[PDB]
Every structure is written in structure tokens, then in C-alpha cells.
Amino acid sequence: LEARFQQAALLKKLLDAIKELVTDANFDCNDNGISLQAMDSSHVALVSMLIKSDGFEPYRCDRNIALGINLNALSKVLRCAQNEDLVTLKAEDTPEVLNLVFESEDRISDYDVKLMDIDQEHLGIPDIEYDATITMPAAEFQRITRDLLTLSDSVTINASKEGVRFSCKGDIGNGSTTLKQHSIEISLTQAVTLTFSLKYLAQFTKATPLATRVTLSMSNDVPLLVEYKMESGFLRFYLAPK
């Protein structure tokens, strides 16, 4: 395994989004790229990463490898890189250490992160027909979930012709913000109404700096899909309703 990124800031940002929610995970490396799929401690939410090999300069993974990593440890080490820097990931003899090298143009830093052993599993993600979907500024989805969380633990989300509606009830009082089809795109095939923990949605919005747009997809009694799309891949969160 040898993979190099143009910019170290985008690796930093991914880990910032994931690490609060997942402490340990396997990074599954292929010819197609590096991917990650994991649950939170409580099996309520699921994360799926994909950085395609397109987003690497000299990217090369001969055989298929799984790298078990504490994501805090990785984040600490990634903070030692400047945003401007050239990251290089290397994994050579044993899945016992992951090597990172940061450079610019101009000096060199390099670090080793101790790996661990995690288990293989396949939570199958039934791909499907989402009755309603919204896409909007990532910034605004962040603003709303931030603000609602200060009033209560849960939000309920209504999708209809009226537009899409986010509702609270808490001790302070209650209320709602609603968005219509103005940029905010909507597509409902039906109406859907579900309730979710704002603790989890707030953690998903740490992905805001990876993409200026975000996409929420729903169907009755089916986990919500929050998707942040990037070039050369994606980050996705699946959340079970209450």
C-alpha cells in the first residue's frame, strides 16, 4: 500500500466527522480505493466512507488489506500536518503500523501509527426507493440541527407538498423551521414523517466542511440517509428513527 493525497486538509476533515461517532474502525483498502463502514457504540447509526483511487496521485494497493485504527490516534497525528502539505500513506510488511509522511514545497515530517485488530462484518445496506429526498446547503442543515438541539433531544421531520418541516417540543417551548422548493431541491413521491435523535444529527453535521451541499433521504420505518458528496467519493450516515 502506497497512496498520496494532494491536500492533507481533506483527510483531517473526514476524521473530524467520523471520530466522535466511531472510536475504532477498519479502513478497507482495494484497487478501487479506501473505504470504511462502521456502527456507533449503540448500533443506532452507521457510517460509510469512500475515497476512490481517483483522489490519489501515485495510488497503489496490490492486494486487499484491512487497517484497524483508533480514529483519535489517527486524528492527533493528522493534526501535525499543515493544510497545504502532501500526505503519503504507506503500509508495508505487517498490518502492525501505518506510516504517514507530510511534505511541502519545504520539509518532511513522518509518523507511525500503531494499528490494532478489529473484526470483519458486513452489515448489508439494503439499497432502495426513498419516498422523499431533500438537498440543501450543508451550512443550513448544520444551523438548524445546532439550534434545535439547544431546545430538545429529538426532532420530527415531515415531508409533503407544504415543503420539509423540522419540529421540536422541549421545556423552553416548541417550534419548527420549514423549507420549500426554492438552493433547496425536494422530491417526494409520498409524504413521510419520522422522528430522530438530534444528538446524532449534530454529530453528522461535523461533516459540513467536506461539501457545500447535503442530501437527506427518507421512507417510513427506514433509516434516514444523510449524504455528503465529494470528488472521488462520499461520506454517508444512516440513522434509525425513534
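The numbering used is simple: start at 1 and walk along the sequence shown.
Could you tell me how many residues of the deposited sequence sit unmodelled between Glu105 and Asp106 (none, 1 to 3, 4 to 9, 10 or more)?
-> 1 to 3 residues are missing.
Missing from the model but present in the deposited sequence, between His182 and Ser183 = In the record, 4 to 9 residues between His182 and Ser183 lack coordinates.
Segment of higher mean CA temperature factor, 61 to 69 or 43 to 51 | It is 61 to 69.
Would you determine, from the values in the PDB entry, which of 79 to 87 and 149 to 157 has the greater average C-alpha temperature factor?
-> Result: 79 to 87.
Per the entry, which of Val222, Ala17, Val22, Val226 tops the list for Cα B factor?
-> Comparing C-alpha B-factors across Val222, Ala17, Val22, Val226, the maximum falls on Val222.
Just grab whichever of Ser167, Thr94, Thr133, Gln142 has the top CA B-factor as deposited.
-> Out of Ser167, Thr94, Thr133, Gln142, the record gives the largest C-alpha B-factor to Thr94.
When the modelled residues of the chain are sorted by Cα temperature factor, does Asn174 land in the lowest, middle or highest third?
-> Its C-alpha B-factor, which the entry lists for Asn174, ranks in the middle third among residues of this chain.
Taking the values exactly as deposited, rank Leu123 by C-alpha B-factor within its chain and report the matching third: lowest, middle or highest.
-> Highest third.
Among all modelled residues of this chain, ranked by Cα B factor, put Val214 in the bottom, middle or top third, i.e. lowest, middle or highest.
-> As the PDB entry reports it, the C-alpha B-factor of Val214 lands in the lowest third of its chain.
Sorting the chain's CA B-factors, does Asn26 end up in the lowest, middle or highest third?
-> As the PDB entry reports it, the C-alpha B-factor of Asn26 lands in the middle third of its chain.
With respect to C-alpha B-factor, does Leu36 fall in the lowest, middle or highest third of the chain as deposited?
-> CA B-factor rank for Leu36: lowest third.
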